[PDB]
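Here's the letter readout for the chains.
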Amino acid sequence: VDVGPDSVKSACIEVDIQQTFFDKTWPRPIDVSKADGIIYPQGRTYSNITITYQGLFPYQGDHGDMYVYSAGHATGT
Amino acid sequence: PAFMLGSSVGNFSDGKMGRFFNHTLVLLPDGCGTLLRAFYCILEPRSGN
Amino acid sequence: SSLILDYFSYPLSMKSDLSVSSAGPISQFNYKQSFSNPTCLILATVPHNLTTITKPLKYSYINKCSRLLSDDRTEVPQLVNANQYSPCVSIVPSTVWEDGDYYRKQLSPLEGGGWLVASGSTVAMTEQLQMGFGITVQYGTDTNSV
Amino acid sequence: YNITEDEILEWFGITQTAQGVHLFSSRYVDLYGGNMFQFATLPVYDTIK
Ligand SMILES: *[C@@H]1O[C@H](CO)[C@@H](O[C@@H]2O[C@H](CO)[C@@H](O[C@@H]3O[C@H](CO[C@H]4O[C@H](CO)[C@@H](O)[C@H](O)[C@@H]4O)[C@@H](O)[C@H](O)[C@@H]3O)[C@H](O)[C@H]2NC(C)=O)[C@H](O)[C@H]1NC(C)=O
Ligand SMILES: *[C@@H]1O[C@H](CO)[C@@H](O[C@@H]2O[C@H](CO)[C@@H](O)[C@H](O)[C@H]2NC(C)=O)[C@H](O)[C@H]1NC(C)=O
Ligand SMILES: *[C@@H]1O[C@H](CO)[C@@H](O)[C@H](O)[C@H]1NC(C)=O
C-alpha cells in the first residue's frame, strides 16, 4: 500500500548474455581463524573469554558463489 | 550488489527461469551505492521491447 | 526483548481447537504456536460501544492442504510450522465464497512439480464479531526494551 | 539506509526468523574490523525459500 511513479515508456533496452566472459577464478575461501563472516550474538556480547556458541554459521573454506559485475558496451562517448 | 528473494519460482514469457510470483523482497543500492533501498513489494513485468 | 502479536478473526465455535495438542484444521493448516516460546491466547468480542472496527463477510478457514506430485499417485502432507505459512495460503483467498471451495494451482518442477490444491470451509457471520489475539514474547533476541 | 562511500572492505549477512528478516553488517560498528552487527529487522510476512 504505497506509491511510486513509472520512469519512462515501456521499451526496455537490449540485454545480452556473455557469461563465458564472466567465467573466471578468484578463489577466496573464508578462514574462520581469520574471523571472516561470523554472525555475532544478537543481544548478549562478552569479553576476554572463549565460549562455545550454537547458531547459524558457514563452513570453513567454502569457495562460495563468487559473482562479478561488468560495464556495458560503449564506443567513444 | 542487488538481491532478489521470494518463495515462488517460474518461467518468463520466453520460458527462461527467473520469474518470482507474489510479493518479492528487493535490495538495491543507489546514488553510487550511498543509499541502500529495500522493499518487499509486488513486481509486474513490462510488455515492451 | 520483543513482543510479537497476531490478530485474526476467530469465533467461539472452534475455541476448543485453540489447544496446541489439538489435531483440528486450525492447528493443521491455519496456524501453529511456538513450542519453545511462551504463548497467550485471547478470544474477544466487538463491544457495542466501539465503532472503530469492522467485521468480515464471514469466517473462513482451511480444512485440507496437501501437495500432489507430478506422478499423479503420491500425495505429500503439509504441516504448518511455528509462525509460518503453508503454501496453500498462496492459492486460498482471504475470503472464501462458500463451504467446499476447492482451489488448485500448478507447481513448477524446481519447487517439486505437480500441483498444489486446498479446500476451505466457511462459518456464517453471527450477531457480533469474535476475534483472537496470539501473544508471544522474546527475552533475548534483541535489547530487552518493551 | 546511508553508507558513506569509501575503499574499505566490508561484510554483510542476511537471515530470517519468526520475527522477520534480519540484516547484519559491519558498516554500522566495526569499520576497521568486520563482524556482523544488527542494523535491519525487516518485518516480513512469509518465509523466504
Ligand atoms: C527517488 O526518491 C525520492 C525521495 O525518496 C522520491 O520522491 C518520493 O517518491 C516516493 C515514491 O517513489 C514517494 O515516497 C513515498 O511516500 C509515501 C507516502 O508519502 C506520500 O504522501 C506525502 C504526503 O502525505 C507526499 O508528500 C509524498 O510525496 C507521497 O505522495 C510512502 O507510502 C512510500 O513508501 C514512499 O516512501 C513520494 O512520491 C516521494 N517522497 C518525497 C518525500 O519526495 C522519488 O520519487 C524517487 N524516484 C522515483 C523515480 O520515484
Ligand atoms: C584476558 O585473559 C587473558 C588470559 O588469561 C589474560 O592474560 C594473561 O594474564 C596473566 C597475568 O599475568 C599472564 O600471566 C598470562 O600470560 C596472560 N595470558 C595471555 C594469553 O595474555 C588477560 O590479563 C585478560 N585481560 C583482561 C582485561 O581481563
Ligand atoms: C501468487 O501468484 C500466483 C500467480 O501469479 C497466483 O495464482 C496466486 O494467487 C498468488 N498468491 C498470492 C497470495 O498473491
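By convention in this text, residue numbers begin from 1 on each chain and track the written sequence, not necessarily the entry numbering, and residues missing coordinates are not displayed. Chains and ligands are labelled sequentially in the order written, the chains with letters from A and the ligands with numbers from 1. Any value you read here covers just the chains shown, which are one part of a larger assembly. Side-chain figures throughout are based on the complete set of non-hydrogen atoms in the structure, without hydrogens or water.

The deposited coordinates, according to the entry record, derive from cryo-EM at 4.1 Å resolution.

> How should the nonpolar core be read in this particular structure?
When a protein is soluble and globular, its nonpolar side chains tend to lie buried together. Formed by C:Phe29, C:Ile62, C:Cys65, C:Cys88, C:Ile91, C:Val92, C:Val96, C:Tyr103, C:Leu107, C:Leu116 and C:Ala118, the largest nonpolar core amounts to eleven residues. Ranked by size, the runner-up nonpolar core spans eight residues in total, among them B:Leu5, B:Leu25, B:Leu27 and D:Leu23. Buried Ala, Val, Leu, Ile, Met, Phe, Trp, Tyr and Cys residues that are joined via side-chain atoms within 4.5 Å together make up what is termed a nonpolar core. Only protein chains enter the accessibility calculation, which uses a 1.4 Å probe. A residue is then buried if its area is under 20% of the maximum for its type, exposed if over 50%, and partly exposed in between.

> Help me understand the environment of A:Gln18, please; the structure alone is not making it clear to me.
Each helix is a run of H or I in the DSSP string that is no shorter than four residues. Each strand is a run of E no shorter than two, and both are numbered from the N terminus. The topology assignment puts A:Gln18 in the segment before α1 (19–22). Residues A:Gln18 and A:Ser47, spaced 29 residues apart in sequence, show a C-alpha to C-alpha distance of 50 Å.

> What is the right way to look at the sheet that holds strand β1 (residues 12–16) of chain D in this model?
Whether parallel or antiparallel, the strands of a sheet pair through hydrogen bonds between backbone atoms. Residues and elements named next belong to chain D. Whether two strands pair comes down to DSSP finding at least two bridges between them. Spatially, three strands are ordered β1-β2-β3 in an open sheet, and the strand pairing comes out antiparallel. Where the open sheet ends on each side, the last strands, each with one partner, are β1 and β3 (38–42). In this sheet, adjacent strand axes meet at a mean angle of 20° when their direction is disregarded. Helix axes are fitted to C-alpha atoms over the stretch in contact, other axes to C-alpha atoms as well, and angles between N-to-C directions run from 0 to 180 degrees.

> Honestly, the side chain of C:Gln138 in this entry has me stumped. Any pointers?
The residue C:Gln138 is located in strand β7 (residues 130–138) in this model. Whenever a nitrogen or oxygen atom comes within 3.5 Å of another N or O atom, the pair is scored as a polar contact, on the condition that within protein one atom can donate a hydrogen and the other can accept it, and that pairs from neighbouring residues in sequence are kept only if both atoms are in side chains. Looking at C:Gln138, its side chain comes within polar contact range of the side chain of C:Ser2, at 2.7 Å. Contacts are residue-level and defined by heavy atoms, with any inter-residue pair within 4.5 Å sufficient. Each residue touching C:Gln138, except ones within four places of it in the same chain, is listed here: C:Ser1, C:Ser2, C:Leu3, C:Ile4, C:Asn37 and D:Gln19.

> Would you mind going over the site of ligand 1 with me for this structure?
For ligand 1, the full set of nearby residues is A:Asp2, A:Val3, A:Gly4, A:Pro5 and B:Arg37. Positioned at a junction of chains, ligand 1 has nearby residues supplied by chains A and B. A:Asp2 places a polar side-chain atom, nitrogen or oxygen, 2.3 Å from an oxygen atom of ligand 1. Notes on ligand 1: free accessible area 850 Å², of which the protein chains cover 23%. When at least one non-hydrogen atom of a residue lies within 4 Å of a molecule or strand, that residue is treated as near it. Accessible surface area values rest on a Shrake-Rupley calculation with a 1.4 Å probe, where residue burial reflects the displayed protein chains alone.

> Looking at this structure, I do not really get the state of the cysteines. What am I missing?
Disulfide: a covalent bond formed between the sulfur atoms of two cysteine residues. Count a disulfide wherever a pair of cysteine sulfur atoms falls within 2.5 Å. Counted according to the given criterion, the structure contains one disulfide over all chains. With a sulfur-sulfur separation of 2.0 Å, C:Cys65 is cross-linked through a disulfide to C:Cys88. Taking the torsion about the S-S bond as the criterion, the C:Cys65 to C:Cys88 disulfide, at about 85°, is right-handed. Of this pair, C:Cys65 sits in strand β3 (residues 59–68) while C:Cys88 sits in the loop between β4 (75–77) and β5 (101–106), placing them 23 residues apart in sequence. This pair shows no difference in class: C:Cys65 is buried, exactly as C:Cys88 is. With no disulfide of its own, B:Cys41 has A:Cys12 as its nearest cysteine by sulfur position, at a separation of 19 Å.

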